[PDB]
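Only one structure is covered here, and it is reproduced in the block below.
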Ligand SMILES: NC(=O)c1ccc[n+]([C@@H]2O[C@H](COP(=O)([O-])OP(=O)(O)OC[C@H]3O[C@@H](n4cnc5c(N)ncnc54)[C@H](OP(=O)(O)O)[C@@H]3O)[C@@H](O)[C@H]2O)c1
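Residue numbers (the numbering used here): 751 to 1068.
Here it is in structure tokens:
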């Protein structure tokens, strides 16, 4: 369908363009979700410590390696450093906890989950008595140097960023003494948040973009009935019908044809399989431009408790 399965990163490794998301996947369902995903062809799993389910994801990965369904070199496992671990002295241990939970001896890609650092401690969103999230004084550049050390210690094959705006990406690219460029910027992207400006910037610098919440995250905890719904949008349903595909399949193919990686989440076996069957059809340029036209700058993930943080990413236009 004029679509290779992997994209070349600026560390020389290849990354599968379709992966399985795991945010909100219940711990009692995610082991089977990941097992099914690997069985039906997925080779990329998107994880994070803050999702609280890496142990269970790891059970699935380990079982499929033990069964010899896949080899480790064929898998591309991604995780993310949470905001309460941006300190120099905490990054390695945070990575190692993720490795130990996923039962891996390296990650293919490790991302700074958000540009905002928070006060270390047990709470993922540490609060002051008035409800503000308590920042860390550690900046993007020192956290990046700590990520570079993980490459040099063999814990991770690639490092990258997530939810960084273009000026924050530029700050790393301009970092004095930069050793490794970010390989990936993982950002929200779908027809209601099309991200043309940030995508063009990242791609022009050789940074691969991964699109998260490609279906509009209908299970996001803060969903409201009046919010727009990609899966129910009749205009998108019409494009899907024309191609004899589901709306979800169109929503997954869309970023693929923009040279993006995409990570739809499901714990439903039939949908996991459905969502992978997107290498057998092509959207026209006209379809692509039509889908782009639906942009309304609508965000699933606004990190709304952190809008005063000095490194909050979404005040900038892009
Ligand atoms: N870097 C970040 O800050 C960040 C932020 C958000 C997301 N992410 C990553 O991106 C992943 C994907 O985003 P997301 O979880 O927000 O949402 P999403 O992938 O846009 O949507 C997931 C929802 O769609 C449903 N669904 C999946 N396939 C479907 C299909 N074929 N037909 C109908 N409904 C379908 C799922 O239901 P069932 O599971 O019940 O089948 C679930 O409710 C996350 O899981 C996470 O890995 C990263």
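Beta carbons: idealized from backbone N, C-alpha and C, even for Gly.
Supposed contact pair residue j and residue i - C-beta distance, whole angstroms, cut 8 Å
{"i": "residue 774", "j": "residue 969", "result": "5 Å"}
{"i": "residue 1028", "j": "residue 1002", "result": "5 Å"}
{"i": "residue 796", "j": "residue 771", "result": "5 Å"}
{"i": "residue 998", "j": "residue 1033", "result": "Going by Cβ atoms, the distance from residue 998 to residue 1033 rounds to 14 Å, so no, they are not a contact pair."}
{"i": "residue 1063", "j": "residue 913", "result": "5 Å"}
{"i": "residue 857", "j": "residue 905", "result": "7 Å"}
{"i": "residue 1061", "j": "residue 811", "result": "With 8 Å as the limit, residue 1061 and residue 811 do not qualify as a contact, their Cβ atoms being about 32 Å apart."}
{"i": "residue 1010", "j": "residue 959", "result": "5 Å"}
{"i": "residue 1059", "j": "residue 834", "result": "Rounded, the Cβ-Cβ distance is 13 Å, inconsistent with contact."}
{"i": "residue 1006", "j": "residue 1012", "result": "6 Å"}
{"i": "residue 1056", "j": "residue 883", "result": "5 Å"}
{"i": "residue 991", "j": "residue 790", "result": "Actually they do not touch by this definition, with Cβ atoms about 24 Å apart."}
{"i": "residue 1016", "j": "residue 783", "result": "7 Å"}
{"i": "residue 848", "j": "residue 804", "result": "6 Å"}
{"i": "residue 961", "j": "residue 863", "result": "16 Å between Cβ atoms; not a contact."}
{"i": "residue 788", "j": "residue 821", "result": "Their Cβ separation, rounded to whole angstroms, is 11 Å, which puts residue 788 and residue 821 out of contact at 8 Å."}
Per-residue DSSP class, three states only, for residue i
{"i": "residue 945", "result": "coil"}
{"i": "residue 825", "result": "coil"}
{"i": "residue 779", "result": "helix"}
{"i": "residue 940", "result": "strand"}
{"i": "residue 1043", "result": "coil"}
{"i": "residue 765", "result": "strand"}
{"i": "residue 1103", "result": "Given a span of 751 to 1068 for the chain in the structure shown, any question on residue 1103 remains unanswerable."}
{"i": "residue 1031", "result": "coil"}
{"i": "residue 901", "result": "helix"}
{"i": "residue 990", "result": "helix"}
{"i": "residue 785", "result": "helix"}
{"i": "residue 907", "result": "coil"}
{"i": "residue 815", "result": "helix"}
{"i": "residue 1012", "result": "strand"}
{"i": "residue 1005", "result": "helix"}
{"i": "residue 957", "result": "coil"}
{"i": "residue 934", "result": "strand"}
Residue i burial status per 10 Å Cβ neighbour count (16 or more: buried)
{"i": "residue 893", "result": "buried"}
{"i": "residue 826", "result": "buried"}
{"i": "residue 972", "result": "exposed"}
{"i": "residue 995", "result": "buried"}
{"i": "residue 934", "result": "buried"}
{"i": "residue 851", "result": "buried"}
{"i": "residue 818", "result": "exposed"}
{"i": "residue 751", "result": "exposed"}
{"i": "residue 794", "result": "buried"}
{"i": "residue 766", "result": "buried"}
{"i": "residue 896", "result": "buried"}
{"i": "residue 916", "result": "buried"}
{"i": "residue 963", "result": "buried"}
{"i": "residue 873", "result": "exposed"}
{"i": "residue 1025", "result": "buried"}
{"i": "residue 808", "result": "buried"}
{"i": "residue 806", "result": "buried"}
{"i": "residue 885", "result": "buried"}
{"i": "residue 1054", "result": "exposed"}
{"i": "residue 839", "result": "exposed"}
{"i": "residue 924", "result": "exposed"}
Of the residues the options, the one placed nearest residue i, counting alpha carbons only
{"i": "residue 1046", "options": "941, 1039 and 1057", "result": "941"}
{"i": "residue 854", "options": "879, 1052, 871 and 907", "result": "907"}
{"i": "residue 758", "options": "957, 868 and 810", "result": "957"}
{"i": "residue 1019", "options": "767, 777, 756 and 786", "result": "786"}
{"i": "residue 792", "options": "1033, 769 and 836", "result": "769"}
{"i": "residue 1039", "options": "1022, 944 and 877", "result": "944"}
{"i": "residue 953", "options": "974, 931, 1050 and 967", "result": "931"}
{"i": "residue 871", "options": "861, 849, 863 and 837", "result": "837"}
{"i": "residue 1048", "options": "863, 909 and 937", "result": "937"}
{"i": "residue 753", "options": "762, 886 and 1030", "result": "1030"}
{"i": "residue 1008", "options": "1042, 979 and 1022", "result": "1042"}
{"i": "residue 887", "options": "864, 897 and 868", "result": "868"}
{"i": "residue 967", "options": "987, 1014, 951 and 1004", "result": "1014"}
{"i": "residue 860", "options": "803, 841, 924 and 919", "result": "841"}
{"i": "residue 843", "options": "903, 816 and 939", "result": "903"}
{"i": "residue 939", "options": "922, 982, 1004 and 813", "result": "1004"}
{"i": "residue 1067", "options": "951, 1016, 993 and 804", "result": "951"}
{"i": "residue 927", "options": "885, 909, 910 and 898", "result": "898"}
{"i": "residue 876", "options": "832, 846 and 919", "result": "832"}
{"i": "residue 1065", "options": "1044, 923, 918 and 780", "result": "918"}
Cβ of residue i within 8 Å of any chain C Cβ
{"i": "residue 868", "result": "In the structure shown, chain C cannot be found, because there is only a single protein chain."}
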